[PDB]
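Protein chains in written order, with PDB author numbering: chain A, 408 to 604; chain B, 306 to 484, 495 to 603; chain C, 306 to 407; chain D, 205 to 305.
Cβ coordinates follow ideal geometry from the N, Cα and C atoms, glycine included.
Working notes, beginning with the structure itself.
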Amino acid sequence: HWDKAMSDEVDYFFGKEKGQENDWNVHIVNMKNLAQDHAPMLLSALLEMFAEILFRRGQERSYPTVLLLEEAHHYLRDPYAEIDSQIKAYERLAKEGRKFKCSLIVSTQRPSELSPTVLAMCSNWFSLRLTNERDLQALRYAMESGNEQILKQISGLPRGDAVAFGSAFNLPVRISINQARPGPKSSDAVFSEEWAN
Amino acid sequence: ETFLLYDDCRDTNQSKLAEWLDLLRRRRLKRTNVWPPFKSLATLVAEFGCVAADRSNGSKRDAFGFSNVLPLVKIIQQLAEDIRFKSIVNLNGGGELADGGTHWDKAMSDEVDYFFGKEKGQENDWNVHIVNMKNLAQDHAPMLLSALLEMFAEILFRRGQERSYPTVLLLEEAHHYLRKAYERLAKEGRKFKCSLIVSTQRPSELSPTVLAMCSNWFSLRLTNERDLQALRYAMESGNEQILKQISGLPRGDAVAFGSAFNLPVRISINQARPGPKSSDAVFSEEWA
Amino acid sequence: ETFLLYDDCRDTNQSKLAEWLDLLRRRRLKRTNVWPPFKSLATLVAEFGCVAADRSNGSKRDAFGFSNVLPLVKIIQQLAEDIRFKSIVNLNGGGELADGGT
Amino acid sequence: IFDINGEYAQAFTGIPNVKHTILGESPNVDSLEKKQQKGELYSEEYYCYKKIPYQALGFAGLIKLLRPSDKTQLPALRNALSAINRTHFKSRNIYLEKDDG
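Written out as structure tokens, the structure is:
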């Protein structure tokens, strides 16, 4: 009875095996009404469940999947893990993804609060403007395919420009990104609109 | 006469307890002839940790003593029921357990004999052994691989200089499990006829002592300054006019220096036929 | 009478330990004529670090103060168990001893 | 996509086979959600609601959740969890039961 519970909970969120019937191709999960004391535990539990089911499925019964994580530094590291022997969430998911077709995308504004093992598994880096120095220093420590002449100009990048290097690029480039149409909305209110009433 | 041991703190039969444990300490009871299961290491620990003295000249099971030994049984039980740890290591037991006090050594020797080979004089049925480890998880690699290397070192010492055979070990991704008394094989390896090849992409995560026992160096492209500094610090033969080239080497192009080369050389390595099976994962095939 | 010493923190004849320890510290008892083995430093360190005082005019083997001395006994035991270190340094004892502290 | 600020729904207007799910409870009881048929282009105002059952955390998950750190909490908790399939409930109280009534 313990197996089927999570066995179907994982299938509701992440999809079904190869050869079955899946209604959707894109799945959006919204978490707007959720406190910040509860997000780390629930999200860590979900990711561990996914890792275990992905191991159990095997190679023949797996489908290529892409997983997008927003503001990962809030829940990827465990606050109750001051000892090194309590972090067993991201490493298993990364290895099982590298093995069984599950790639990850990590977005964050504070890379210095992210574990150094997390940031050394990536093969390509996209970096917009960074201002604080200890954030530059955490990136100078884990990259493999760059040079010192491309990390100089990050601090002065205007809005909408990035710097890309990795295994998908023959030499590092400075790039002007196109505009999404239609884009996402805004998650903030304006005081002057309310006070105008 | 028999007697039951319980993991929990049951008050049952807490009168005649200390006598049995004191007899067990003095090696007076009878012994077994079979390997017990691995989970039997929590009951004994709990019993030795929770026994206390009685005011009525008897015995008691204190709850103040169980607290001092609870994390150990917790971690033992949490390890004994993990799916990915029970698929590589055997925990059931059920073998032979002979007398003489030398029952650990036989089991230790058998596994080394199976894995690394036999000794000089006897017969071994293979000349190339490939050990595949694609099922083992990243969380358990250091412990098990370090344990196997330390196991090899001890039998190497006991075999002596006279019963050893020259062997070559090719170690891949060596910076995960090769990190006082945890480096005997590398340091004390030249004496027992054992040579190692270490392959890694992060030389700066090895101990500077291990990296200094290498006689010949082959170096491909290397970009981070943290690795260049380690290579510069630990080297003993070469120049600094040839370190300036490593930052810009093409693919399949190396720089070699050491004992086997009169003067340092830049080489274009040949292509192996047939090569390793490695192929890049493809996503666009199944999405079409 | 004698008194057997243990390297553990059990409960056996632990209410009179303090008197024996103070008596030994004051040099008011027998002396031996042989060399004890090397491992014997473990039990002694455990006992000096593990003694306390009970509420009802007695002594206690308080484990709170034992953890303040645990690493030393662990290092002492671990050094005498390796087969490399015990093929050079002979630690069996069994020699003669001379009075006067020399 | 794990969306936290709820902003990515507007970006996928016009693509078929999209699903949008909201965690929690409906603010109004009389709130009924509208579904979409296979193959249609996605439009907004098509959502759903969902809650996570406690059964989908597992033995280890609940043990990590409760965090016993005392003398005799772990064995009692393990015994309670191991015997959760032999308990019956009628709306006010928990009772055991044999096969004979």
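Environment of residue i [buried if 16+ CB atoms lie within 10 Å]
i	result
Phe-457/B	buried
residue 688/B	With chain B covering 306 to 603 only, the question about residue 688/B has no answer from this structure.
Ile-208/D	buried
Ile-381/C	buried
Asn-539/B	buried
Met-448/B	exposed
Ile-393/C	exposed
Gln-319/C	buried
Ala-403/B	exposed
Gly-370/B	buried
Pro-486/A	exposed
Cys-252/D	exposed
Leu-266/D	exposed
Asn-577/A	exposed
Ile-435/A	buried
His-408/B	exposed
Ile-288/D	exposed
residue 629/A	As displayed, chain A neither begins before 408 nor continues past 604, which places residue 629/A out of reach and without an answer.
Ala-213/D	buried
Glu-237/D	exposed
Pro-257/D	exposed
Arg-499/A	buried
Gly-426/B	exposed
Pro-279/D	buried
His-224/D	buried
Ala-549/B	buried
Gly-363/B	exposed
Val-513/A	buried
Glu-455/A	buried
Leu-261/D	buried
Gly-504/A	buried
Whole-Å CB distance - residue i paired with residue j, under 8 Å assumed
i	j	result
residue 489/B	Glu-424/B	No coordinates exist for residue 489/B; the numbering of chain B passes from 484 to 495 with nothing in between.
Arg-366/B	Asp-444/B	About 36 Å separates the two Cβ atoms, so there is no contact after all.
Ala-446/A	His-481/A	6 Å
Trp-340/C	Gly-406/C	That pair is no contact at about 15 Å.
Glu-211/D	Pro-589/A	Not quite, the Cβ-Cβ distance comes to about 12 Å (not below 8 Å), so this is no contact.
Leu-535/A	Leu-558/A	So it is not a contact: roughly 13 Å between Cβ atoms.
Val-356/B	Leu-334/B	Contact flag wrong, Cβ pair sits at about 16 Å.
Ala-385/B	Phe-343/B	6 Å
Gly-573/B	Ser-552/B	6 Å
Cross-strand partners of residue i (DSSP beta bridge)
i	result
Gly-363/C	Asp-359/C
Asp-568/B	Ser-583/B
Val-433/A	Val-222/D
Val-473/B	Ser-510/B
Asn-338/B	In DSSP, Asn-338/B forms no bridge with anything.
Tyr-299/D	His-292/D
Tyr-253/D	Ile-226/D
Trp-532/A	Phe-572/A
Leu-326/B	In DSSP, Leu-326/B forms no bridge with anything.
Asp-207/D	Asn-437/A
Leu-578/B	Per DSSP, none; premise fails for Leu-578/B.
heavy atom of the ligand MN below 7 Å from residue i C-beta
i	result
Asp-404/C	What this structure holds is no ligand at all, so the ligand MN is not there to describe.
So, do the region 342-354 of chain B and the region 363-379 of chain B have three or more beta carbon pairs nearer to each other than 8 Å?
Between the region 342-354 of chain B and the region 363-379 of chain B there are three or more inter-stretch CB-CB distances shorter than 8 Å, so the stretches are counted as touching.
Are the region 463-479 of chain B and the region 498-510 of chain B touching by the rule of at least three beta carbon pairs closer than 8 Å?
Result yes; three or more Cβ-Cβ pairs closer than 8 Å.
Closer than 8 Å is the cut-off here; do at least three beta carbon pairs connect the region 239-247 of chain D with the region 207-223 of chain D?
Segments in contact, yes.
Any residues in the region 281-299 of chain D with a beta carbon nearer than 8 Å to a beta carbon of chain A? Which ones, in chain order?
Here the close residues are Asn-289.
Given a limit of 8 Å on CB to CB distance, which residues of the region 316-338 of chain C reach chain B?
For the region 316-338 of chain C, which is checked against every Cβ of chain B, the residues closer than 8 Å are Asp-316, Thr-317.
Examine the Cβ distances between the region 545-555 of chain A and the region 519-531 of chain A and report whether three or more of them are shorter than 8 Å.
Taking 8 Å as the limit for Cβ pairs, the verdict is that the region 519-531 of chain A does touch the region 545-555 of chain A.
Any contact between the region 582-596 of chain B and the region 555-571 of chain B? By contact I mean 3 or more CB pairs, one from each, below 8 Å.
A contact exists between the region 582-596 of chain B and the region 555-571 of chain B.
Closer than 9 Å, Cβ to any Cβ of chain A: which residues of the region 426-445 of chain B, in chain order?
The region 426-445 of chain B vs chain A, Cβ under 9 Å: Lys-439, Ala-442, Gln-443, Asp-444.
If you measure beta-carbon to beta-carbon, which residues of the region 207-218 of chain D are closer than 8 Å to chain A?
Of all residues in the region 207-218 of chain D, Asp-207, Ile-208, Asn-209, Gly-210, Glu-211, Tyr-212, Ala-213, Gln-214, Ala-215, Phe-216, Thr-217 have a Cβ within less than 8 Å of some Cβ in chain A.
What residues in the region 477-489 of chain A bring their beta carbon closer than 8 Å to a beta carbon of chain D?
If the cut-off is 8 Å between Cβ atoms, the region 477-489 of chain A has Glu-477, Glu-478 near chain D.
What are the residues of the region 347-375 of chain C that lie near chain B, defined by any Cβ-Cβ distance shorter than 7 Å?
Answer in chain order: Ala-368.
Short of 9 Å Cβ to Cβ, which residues in the region 553-578 of chain A face chain B?
The residues in question are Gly-553, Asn-554, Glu-555.
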